[PDB]
């Protein structure tokens, strides 16, 4: 698999699977700043899966590493905002992070292998 462009559709498919996960519910759209009035005191850079999908479709990611950084920001924001590790939304974030990491590893490996083959 030395296709330099294959990661994009692989990331679209993975986002589709994350949207089917019930555990993505709290992360499908920008955080509700009315409900969580302190949110932007705690979180410098909001991120959500709809923003990640729109950035991908706009052609504004150059690599799957950049997409992976934004998805990891969704999860670090949830860990920063949680009042406890025994919270529903943080708990959903941890299962969804495990699912994401399990699926993104081959996407990153294949991309990096394709770049190395291009420069051979």
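Numbering follows the first chain given and starts at 1. We call the rigid core the largest set of C-alpha positions that still match within 1.5 Å between the two forms.
- Across the superposed structures in 8 other deposited structures of this protein, aligned by the core, the stretch whose Cα atoms lie more distant on average is 75-83, chosen from 57-65 and 75-83.
- Across the superposed structures in 8 other deposited structures of this protein, aligned by the core, the stretch whose Cα atoms lie more distant on average is 33-41, chosen from 33-41 and 46-54.
- Relative to its counterpart among 54-62 and 77-85, 77-85 has the higher mean temperature factor, C-alpha atoms as listed in the PDB entry.
- Per the PDB record, of the two stretches 88-96 and 35-43, 35-43 carries the greater mean B-factor over its C-alpha atoms.
- Among all modelled residues in its chain, residue 14 ranks in the middle third by Cα B-factor.
- Among the modelled residues of its chain, residue 116 has a C-alpha B-factor that falls in the middle third, as given in the PDB entry.
- Split the chain's modelled residues into thirds by C-alpha temperature factor. Residue 104 is in the middle one.
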